[PDB]
Amino acid sequence: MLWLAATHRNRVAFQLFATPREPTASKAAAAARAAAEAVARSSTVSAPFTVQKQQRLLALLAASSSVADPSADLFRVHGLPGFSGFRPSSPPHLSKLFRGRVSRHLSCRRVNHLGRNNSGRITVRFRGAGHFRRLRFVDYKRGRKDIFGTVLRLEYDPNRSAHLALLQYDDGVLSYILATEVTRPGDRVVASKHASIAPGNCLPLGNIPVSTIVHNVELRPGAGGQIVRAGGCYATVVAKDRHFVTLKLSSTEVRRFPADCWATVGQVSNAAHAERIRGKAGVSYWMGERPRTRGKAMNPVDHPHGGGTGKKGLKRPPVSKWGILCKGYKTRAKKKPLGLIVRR
Amino acid sequence: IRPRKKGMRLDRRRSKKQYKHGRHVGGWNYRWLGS
Amino acid sequence: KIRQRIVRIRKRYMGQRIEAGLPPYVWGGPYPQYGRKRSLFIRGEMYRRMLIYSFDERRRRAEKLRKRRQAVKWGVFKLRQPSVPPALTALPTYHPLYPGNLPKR
Amino acid sequence: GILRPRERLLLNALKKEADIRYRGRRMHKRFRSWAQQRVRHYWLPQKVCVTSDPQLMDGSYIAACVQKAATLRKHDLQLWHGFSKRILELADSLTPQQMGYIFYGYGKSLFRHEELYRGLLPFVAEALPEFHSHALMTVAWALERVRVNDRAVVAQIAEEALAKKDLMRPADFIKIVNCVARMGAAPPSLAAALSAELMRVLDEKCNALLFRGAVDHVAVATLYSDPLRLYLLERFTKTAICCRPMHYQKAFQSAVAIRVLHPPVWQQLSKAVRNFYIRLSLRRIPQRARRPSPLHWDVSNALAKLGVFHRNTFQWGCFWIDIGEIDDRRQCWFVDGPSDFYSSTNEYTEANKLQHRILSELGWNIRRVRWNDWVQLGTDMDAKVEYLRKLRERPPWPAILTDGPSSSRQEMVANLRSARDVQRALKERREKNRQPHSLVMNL
Amino acid sequence: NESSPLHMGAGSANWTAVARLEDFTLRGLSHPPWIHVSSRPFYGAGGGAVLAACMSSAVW
Amino acid sequence: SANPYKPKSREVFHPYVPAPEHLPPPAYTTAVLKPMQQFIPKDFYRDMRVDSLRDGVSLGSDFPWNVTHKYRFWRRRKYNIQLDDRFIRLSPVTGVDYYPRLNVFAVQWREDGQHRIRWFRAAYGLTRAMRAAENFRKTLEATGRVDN
Amino acid sequence: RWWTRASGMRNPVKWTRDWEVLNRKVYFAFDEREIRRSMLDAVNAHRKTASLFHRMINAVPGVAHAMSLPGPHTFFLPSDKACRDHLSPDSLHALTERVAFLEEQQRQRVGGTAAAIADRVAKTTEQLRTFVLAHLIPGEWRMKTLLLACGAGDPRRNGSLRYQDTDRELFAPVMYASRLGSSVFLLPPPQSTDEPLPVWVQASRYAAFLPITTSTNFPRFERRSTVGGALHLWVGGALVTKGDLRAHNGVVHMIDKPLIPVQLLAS
Amino acid sequence: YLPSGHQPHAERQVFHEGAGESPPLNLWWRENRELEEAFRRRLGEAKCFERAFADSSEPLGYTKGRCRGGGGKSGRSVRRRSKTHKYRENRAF
RNA sequence: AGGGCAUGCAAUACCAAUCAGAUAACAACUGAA
RNA sequence: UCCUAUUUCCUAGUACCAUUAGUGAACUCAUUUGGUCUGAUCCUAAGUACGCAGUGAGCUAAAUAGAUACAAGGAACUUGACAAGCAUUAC
RNA sequence: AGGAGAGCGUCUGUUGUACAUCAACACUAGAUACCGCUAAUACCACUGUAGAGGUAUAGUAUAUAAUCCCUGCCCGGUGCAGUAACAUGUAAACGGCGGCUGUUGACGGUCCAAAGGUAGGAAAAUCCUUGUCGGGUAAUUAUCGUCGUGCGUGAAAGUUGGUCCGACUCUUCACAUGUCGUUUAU
RNA sequence: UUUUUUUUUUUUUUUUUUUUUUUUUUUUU
RNA sequence: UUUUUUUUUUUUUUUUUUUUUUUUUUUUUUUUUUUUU
RNA sequence: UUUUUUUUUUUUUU
């Protein structure tokens, strides 16, 4: 959306967003130190957030916490006959998610490419135009240091497999963040090295205890989470160094990361996304998918597989449309030197 | 000509190509007035 | 065929009466109902709405003119000026929030 | 892309609604037009600053400033009074052109300040020979608007106009005539000469557009002779198409007054001409919105307390009545004011006298109530009721309206000031009674 | 095969043809060709004072 | 088709027409209607007549005719005439239907959890075919071949 | 400069002509219409009109959080004028003083006296919260809904609301020369009150002049508020001047009287 | 995003049982007009993320080529660019 | 050639790096004629 | 003096260009009577209190394309139940 | 376009075809392979764009076809993966899987091989244009049931199939009927 | 009632066309 | 739930922008600074 | 899809 000069950057000369209030920078420095000490005083928890602890907290949250027993009879629009069969799943006052519209000032229109490059030719096959979508302004950088923020509601992201959260700071500014499995409307978060080891809290890798479940880990200092963002994904702390932190990713891969980078504590929301079963091809049609035609039912010129008839068999290895093997054939530059990768 | 195709072409009068021939009603050998 | 025949005679009779210039009298009896849709009732609401809209627009123009004139009336209009000079209230150059004083620009 | 069935329905209905709404807006819009005209052949080329030092200003500067203020509708007392003060100082170095501009500005602004008019009049009187059409027109036009009669000067203005007829503009000539007729300063001979010149002017250098401006009921019946009356009446019929309600009203009024006052001249008209006017009356003529005045309301309250039924406002064919009794429709009251009389005097205006006589002729029991007499009563209701009762038992006013006693600026000012506080105290007392004040909170 | 004057004028008009990599030497009825047409002939026995010959080179 | 995506009610809708939330009171409100003091502002009736039809409930005794200014409809108006309130092609018996293109009546009834429809040609006579279909449905219900 | 440029009146698009289908779009465009703005938005929009309320809402905590919930709600916003003319001078001054005290406390924060201040703020906040919350009513109640509920649409109950006439000889003598010479509906109790709210309807003064300028078909028989409309809705003996302020959270109605609970009412 | 000062509050869902708290806001930008304007302008500068790219300037730069193994399309003859084929396509040169 | 001579052919080239248009702030930014 | 405040406001003669207001696919195409008929809407209609539209003459041959009515038998016809038939008959 | 038996079988949806007149494609589902960000892959002006302003519950590629059902053996073999710096692991990736002879014959001899058709179905979208017996008819080789030899197929190559389902072949029942022997009238 | 003009939206120039002729000392009357 | 519109302009709010600005058309009304409330 | 004195410019919204 934005210009290349406005979006492209290699080197970063800052890792925080400063919003001073005093007339002079000398006073602002003292104010920042006071805020940091205030957050340090409040911080109390330092134990690692393990899977077992996560489980135990989830059991408490989803066993007894939710009890209101409300009078839903009065919570409805009186005198509205409604549709002739069409009814919502649940009322807005009992739904998990917010029954509304995304913020106008935190969203924009989505440019649909249809899987086409500048040349105008089809690049990405099987790409349809489904339901209209809006790009969300997700705040990946926690620039707001030494400040608390409470959660107002949880939103749905069509573009992501996880849920979002509407964060509001004390000053009254609204921002979007990646929600968690634990976080519920009303919970408070803070981004600071002196903060406690709690869900939602963002702390450096180095400060984060060992054997701690984390997510939204950034590659470079102050760049944003790229290695793990999807729902149900998380990383683990293995080892620690004076300048490096060893992390186990979701793909069972061991890699070292800088000690200076930031990371979030917890698990991405919507853990049960891989349990839905589509009852008909209409779901795929609405999602923006297209039918896939196998190469077997193609002409020899169209596809190598064409013409040649045969079942599983063992003589002639299969060939893709591109003339390249697709079974156990590694696709990686052997010359590319391994970096911070420990175990691949 | 389509819009996309037309957006990447110059005018013929922008070049000297129009003063490199002698085609006329008389024939293929045209002499300019006052030559 | 029979209905299209009877209609003609009826019409003829009626026309004869009209030509004659006799008082307008019809068959005041139980008529059938060949229609199904409530076209008249559905149509009245559109005119009602339209009328409402018109009224609203009239009101808006009236208000606009009145408002524009009121301010121009004598004794109200004044060359208002700031009490404290804006220069004093202007922020200083060393203010941390002043543009070009943080590594973001 | 694709939309949800649910959303689709709502969007289509919304869209439809939009169309309906748009269809429903341009109903009353009949007289509108995308195209419009703006007058631009009057602004000065030179640039000035209204907010500048008046001392550094000159005649030219001040003249410009005055008109620019007027055009921009920058109504500021503090600003205008400085202009007046500097003008008084620079009164002896004003060109005829500048004076005219000044006058026009003042008049357009409706800046009621006699102190300046009275001081600038004598210098105009001396510079009359060097005056021009525009200046001459603006002087009178301003004077008329501000309602400051000057029979000594206005007459001179007219005479200079007649002298410079060969150089004057039809429009300015017409406006001068109109002004003169409204102010009532033209002897018979002057009137006659004006009429004679006006007829030739209208018949030689006037069009449909320019002719309409010559129509005035007050002028027609007090300035215009029979020969011009007949020609005016006849040409109006022909030029009616290119007219406005404002001219229509005037025309109708003219007709009515002529019929009522001059039967002979009326009969002298042709059948065709007569028919026009006959049919005219039958048509609905638009009118501006009207409402009772504070004085009107006070009088009405006193009257109602006295125990008499009446109306607030209503039209009667071609004339408005302040008060109309229901038990005896014949009866009618009229509430006057400062504007009803000339500045610093209690003399009635020509239009007020003409409307009084027309109704008196037609048989309307007409009564008049002044404001300077009324103000004296204060905020007492019994005194006003008795005042009204004493008037009721007395006979009505004569056909011919007369003027009141002498007055002065001092007195005028005093009266105004006095009334200022009465109108506020009565409003406060009225407004306070509406408040129940019953609820009491524990807290 | 539809009739579209908009399309026709936007793709096949005087200003659209000039952008075409075609043989402009061919004569065109409704086009701006680039073929020279030899002008007015020599003079016989008429008045010498009324023989026109130039304009854009002589305009003043 | 009787699809969910349809209003539950079949009554004429008269939604509220709210005014803008920033306009002042109308001009007609400044009228003194007292027997002693009478005051009729400009366009008082014009404004009030329109204003009265805002609520949507107070449509008046004659609603279909208090807003149709067009003479087209007035020209056709009649007084003291009896009219029916039922379309000719609407049988009171449940399950009866008529088809315009086929020009025939149909009877819908359920038997043994299976839908079955029968043909009734109306070429011989509209009333005869309608009565035959009604009699067939009544015979079905009497003999007890319709599920319940 | 395209295929077609006609707009407005001359809409190239084709729309349905059937009255049956047209009758369904009006319902969706009026009743099932969606709103983005919240209740607070609506309230704020009229801050000028209700400054007292606007300030109390933002001053006393708790009310702001309560009035932002997803559940349907109904709110009443009394006018400054109503408050002023109803409330006694002493009560009005005392209320304003406490509102200003809370605002000053918040301004001091952002910028045995210490012990007494805590008790004073604790008591004043509860009093104002109680006062404020009294107006709030669960559920969405529309003007039409209330009107109909009140028996406005029942022919058996519309006898006193349909036939209205006045002396025409006194108001239009020229056009008449021959003459010369409801029930109570109970609403759910408020959030901070147990007592129900009675609502009724009344006939306006204007309604008694329709026949003079409209076609009527009546059968054979055998102070006054200046607000417009044929019918006036009285919610607990407070007149409604404006209503139908639909929002994402519910509806807002402006009443001409401040509702005060018995707990605050004097002896 | 900074909402309007006349109504900083926004819609939210019901808080769970053990949430409580709900502290008030700290509106320190309503004391002066210039302070509010400067605060809004400063907030307007915030970014989302920083994207890397190939740069020869850097000591650890690199670029991409073709996929391993080469190959190509099935029965397709690709004609390379020239001055007489696909000339002047997206830009002049 | 005494006098007159609408309009259109997209024109700062009787000069001046290249690349859209009434001929483009650096850089991004590339070239067989 | 008990109105939610008793806050003056009809309408300036008006640049250039488009238009046949009704029925009818009026568009590509062409074996083109423009307009009747062939299908849903637009009018609370005993088909709208007389609306639109309708093109040489003669004659029992047979065959062919269709409509209505057929004794008894009722698939014996055909590769095949193709086709045809039933769905209206005391009122 | 009806009642009943039985063979085959995910349609709705797209389209006139890989032989003997009787098809395909797509899909709800499962499973395999590649890829840690300037990702893989594609276009093939190369510091570009799509992928994607996405981040291992993500992207892309190949093959199969129901929500379930128990789902056989084989790495001698091309290729890929790995490295004694050419063991070993991948058959839901990549062709497939048998001779003499003796007692209806559990059993015994001998040759060869990585392994030596599993179960089920079975006169078949396959052998043969009349396999034995039973049901229908005055006649049934057409067709259903069954036997399992006559030739033979063959398991995430998709086999078998309870219930439900049908614009899919065929048997058979019922009403009317100029299809008819065999042709008439308007 | 449209077209024209701002926005969508584009020198993605509809030859002989335009609020477009050298761009305010305009003689204000 | 397959997660949907906002810029020109209108209204409101906040102001130290400007003849690139509303007839030298017209009506009504008790009325307005500083040394008359 | 902007409606009546012309421009520049800021927030919210049925």
# chains A, B, ... in the order shown; residues from 1 in each chain; ligands from 1
call {"tool": "select_by_dssp", "arguments": {"residues": "segment 265-405 of chain D", "states": "alpha helix (DSSP H)", "output": "ChimeraX atom specification"}}
result
/D:265-268,271-280,294-306,350-361,371-375,381-392
call {"tool": "residues_around", "arguments": {"residues": "segment 6-20 of chain I", "least_positions_apart": "5", "cutoff": "10 Å", "atoms": "only C-alpha atoms (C1' of nucleotides)", "output": "PyMOL selection string"}}
result
(chain B and resi 7-8+10-11+14) or (chain E and resi 15+32) or (chain H and resi 91-93) or (chain I and resi 29+31) or (chain L and resi 11+13+15-17)
call {"tool": "residues_around", "arguments": {"residues": "residue 72 of chain C", "least_positions_apart": "4", "cutoff": "7 Å", "atoms": "only C-alpha atoms (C1' of nucleotides)", "output": "list in words"}}
result
residues 77 of chain C; 73 and 75 of chain D
call {"tool": "residues_around", "arguments": {"residues": "segment 144-147 of chain G", "least_positions_apart": "6", "cutoff": "8 Å", "atoms": "only C-alpha atoms (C1' of nucleotides)", "output": "short mmCIF file (atom, residue, chain, number, x, y, z; two decimals) with C-alpha atoms, in the first residue's frame"}}
result
data_model
loop_
_atom_site.label_atom_id
_atom_site.label_comp_id
_atom_site.auth_asym_id
_atom_site.auth_seq_id
_atom_site.Cartn_x
_atom_site.Cartn_y
_atom_site.Cartn_z
CA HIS A 78 -39.13 -5.70 21.06
CA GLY A 79 -41.58 -5.50 18.19
CA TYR F 16 -41.02 6.02 11.20
CA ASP F 55 -45.67 9.28 13.20
CA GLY G 153 -53.33 1.12 16.71
CA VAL G 201 -50.32 8.69 25.05
CA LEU G 233 -46.00 10.16 24.30
#
call {"tool": "interface_residues", "arguments": {"of": "chain A", "to": "chain H", "cutoff": "6 Å", "atoms": "only C-alpha atoms", "output": "PyMOL selection string"}}
result
chain A and resi 8-10+139+152-153+170-171+173-174+185-186+223+301-302+322-323
call {"tool": "interface_residues", "arguments": {"of": "chain G", "to": "chain H", "cutoff": "8 Å", "atoms": "only C-alpha atoms", "output": "PyMOL selection string"}}
result
chain G and resi 38+40-41+44+61+64+68-70+110-111
call {"tool": "write_last_selection", "arguments": {"atoms": "C-alpha atoms", "output": "CSV table (one decimal), in the first residue's frame"}}
result
chain,number,residue,atom,x,y,z
G,38,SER,CA,-22.6,4.0,19.8
G,40,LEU,CA,-22.3,7.6,23.7
G,41,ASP,CA,-21.8,9.1,20.3
G,44,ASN,CA,-22.2,13.5,22.8
G,61,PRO,CA,-16.7,6.8,36.9
G,64,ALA,CA,-19.1,5.4,31.2
G,68,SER,CA,-20.8,0.9,26.6
G,69,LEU,CA,-22.0,-2.6,26.8
G,70,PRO,CA,-23.1,-4.8,23.8
G,110,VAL,CA,-4.0,14.7,36.0
G,111,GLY,CA,-2.0,17.8,36.9
call {"tool": "decode", "arguments": {"residues": "chain C", "atoms": "C-alpha atoms", "output": "mmCIF file, in the first residue's frame"}}
result
data_model
loop_
_atom_site.group_PDB
_atom_site.id
_atom_site.type_symbol
_atom_site.label_atom_id
_atom_site.label_comp_id
_atom_site.auth_asym_id
_atom_site.auth_seq_id
_atom_site.Cartn_x
_atom_site.Cartn_y
_atom_site.Cartn_z
ATOM 1 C CA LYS C 1 -65.258 -15.461 -26.512
ATOM 2 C CA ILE C 2 -68.530 -14.963 -24.615
ATOM 3 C CA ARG C 3 -66.923 -12.609 -22.080
ATOM 4 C CA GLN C 4 -65.358 -10.505 -24.853
ATOM 5 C CA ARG C 5 -68.845 -10.294 -26.370
ATOM 6 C CA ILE C 6 -70.657 -9.232 -23.231
ATOM 7 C CA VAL C 7 -68.096 -6.517 -22.484
ATOM 8 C CA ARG C 8 -68.865 -4.878 -25.789
ATOM 9 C CA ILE C 9 -72.573 -4.650 -25.122
ATOM 10 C CA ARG C 10 -71.990 -3.228 -21.655
ATOM 11 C CA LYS C 11 -69.593 -0.643 -22.971
ATOM 12 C CA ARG C 12 -71.940 0.293 -25.763
ATOM 13 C CA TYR C 13 -74.772 0.879 -23.359
ATOM 14 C CA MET C 14 -72.636 2.999 -21.105
ATOM 15 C CA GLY C 15 -71.396 5.015 -23.974
ATOM 16 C CA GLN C 16 -74.846 5.644 -25.204
ATOM 17 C CA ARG C 17 -75.755 6.948 -21.758
ATOM 18 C CA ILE C 18 -72.667 9.206 -21.724
ATOM 19 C CA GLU C 19 -73.567 10.599 -25.146
ATOM 20 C CA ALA C 20 -77.107 11.193 -24.024
ATOM 21 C CA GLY C 21 -75.719 13.075 -21.035
ATOM 22 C CA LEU C 22 -77.876 11.262 -18.464
ATOM 23 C CA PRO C 23 -76.965 11.243 -14.760
ATOM 24 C CA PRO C 24 -73.953 8.986 -14.068
ATOM 25 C CA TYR C 25 -75.346 5.718 -12.653
ATOM 26 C CA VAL C 26 -73.686 2.312 -12.509
ATOM 27 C CA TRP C 27 -74.449 -1.181 -11.252
ATOM 28 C CA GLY C 28 -74.062 -0.869 -7.537
ATOM 29 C CA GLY C 29 -73.683 -4.506 -6.765
ATOM 30 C CA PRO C 30 -71.088 -7.049 -5.644
ATOM 31 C CA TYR C 31 -68.107 -6.695 -7.966
ATOM 32 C CA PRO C 32 -65.439 -9.385 -8.404
ATOM 33 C CA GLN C 33 -61.774 -9.079 -7.393
ATOM 34 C CA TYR C 34 -59.410 -9.758 -10.297
ATOM 35 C CA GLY C 35 -56.468 -8.125 -8.492
ATOM 36 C CA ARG C 36 -54.140 -9.723 -5.968
ATOM 37 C CA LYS C 37 -51.579 -7.077 -4.976
ATOM 38 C CA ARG C 38 -52.233 -4.070 -2.713
ATOM 39 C CA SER C 39 -50.850 -1.583 -5.222
ATOM 40 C CA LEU C 40 -52.792 1.462 -3.938
ATOM 41 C CA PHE C 41 -51.857 0.974 -0.281
ATOM 42 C CA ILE C 42 -48.222 0.260 -1.163
ATOM 43 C CA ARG C 43 -48.144 3.328 -3.427
ATOM 44 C CA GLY C 44 -49.461 5.835 -0.880
ATOM 45 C CA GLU C 45 -46.464 5.386 1.428
ATOM 46 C CA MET C 46 -43.985 6.527 -1.235
ATOM 47 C CA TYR C 47 -45.833 9.829 -1.674
ATOM 48 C CA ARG C 48 -46.004 10.244 2.107
ATOM 49 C CA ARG C 49 -42.239 9.798 2.389
ATOM 50 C CA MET C 50 -41.567 12.124 -0.497
ATOM 51 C CA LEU C 51 -43.676 14.818 1.070
ATOM 52 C CA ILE C 52 -41.808 14.418 4.310
ATOM 53 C CA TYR C 53 -38.530 14.825 2.498
ATOM 54 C CA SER C 54 -39.692 17.962 0.765
ATOM 55 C CA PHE C 55 -40.770 19.474 4.037
ATOM 56 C CA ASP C 56 -37.410 18.694 5.534
ATOM 57 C CA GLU C 57 -35.559 20.356 2.674
ATOM 58 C CA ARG C 58 -37.691 23.486 3.032
ATOM 59 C CA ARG C 59 -36.924 23.649 6.712
ATOM 60 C CA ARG C 60 -33.213 23.228 6.037
ATOM 61 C CA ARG C 61 -33.144 26.175 3.606
ATOM 62 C CA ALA C 62 -35.128 28.370 5.987
ATOM 63 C CA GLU C 63 -32.778 27.641 8.828
ATOM 64 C CA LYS C 64 -29.707 28.217 6.675
ATOM 65 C CA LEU C 65 -30.852 31.705 5.653
ATOM 66 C CA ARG C 66 -31.941 32.646 9.180
ATOM 67 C CA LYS C 67 -28.663 31.494 10.634
ATOM 68 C CA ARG C 68 -26.625 33.405 8.076
ATOM 69 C CA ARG C 69 -28.563 36.603 8.834
ATOM 70 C CA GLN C 70 -28.599 36.347 12.605
ATOM 71 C CA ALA C 71 -24.853 36.586 12.887
ATOM 72 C CA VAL C 72 -24.912 39.697 10.682
ATOM 73 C CA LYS C 73 -27.522 41.479 12.806
ATOM 74 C CA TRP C 74 -26.201 44.527 14.637
ATOM 75 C CA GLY C 75 -24.817 44.224 18.109
ATOM 76 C CA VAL C 76 -23.677 40.670 17.753
ATOM 77 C CA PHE C 77 -20.906 40.792 15.212
ATOM 78 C CA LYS C 78 -17.488 41.688 16.599
ATOM 79 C CA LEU C 79 -13.893 41.585 15.366
ATOM 80 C CA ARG C 80 -12.857 38.921 17.836
ATOM 81 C CA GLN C 81 -9.156 38.709 18.650
ATOM 82 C CA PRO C 82 -7.128 36.399 20.881
ATOM 83 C CA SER C 83 -6.644 37.625 24.436
ATOM 84 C CA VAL C 84 -3.086 36.356 24.982
ATOM 85 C CA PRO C 85 -0.739 36.723 21.972
ATOM 86 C CA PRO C 86 -0.291 33.414 20.116
ATOM 87 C CA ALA C 87 3.482 33.965 20.098
ATOM 88 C CA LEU C 88 3.716 33.486 23.868
ATOM 89 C CA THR C 89 1.584 30.328 23.702
ATOM 90 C CA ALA C 90 3.726 28.956 20.860
ATOM 91 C CA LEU C 91 5.821 25.970 21.887
ATOM 92 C CA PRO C 92 9.599 26.394 22.285
ATOM 93 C CA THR C 93 12.217 25.061 19.893
ATOM 94 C CA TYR C 94 13.792 22.818 22.557
ATOM 95 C CA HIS C 95 10.492 21.063 23.305
ATOM 96 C CA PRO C 96 11.027 17.289 22.945
ATOM 97 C CA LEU C 97 7.716 16.930 21.078
ATOM 98 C CA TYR C 98 8.699 19.615 18.560
ATOM 99 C CA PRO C 99 9.098 18.215 15.020
ATOM 100 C CA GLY C 100 12.628 17.126 14.194
ATOM 101 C CA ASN C 101 13.668 16.352 17.782
ATOM 102 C CA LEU C 102 13.143 12.560 17.902
ATOM 103 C CA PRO C 103 14.703 9.758 15.810
ATOM 104 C CA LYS C 104 11.543 9.186 13.786
ATOM 105 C CA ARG C 105 10.972 12.402 11.941
#
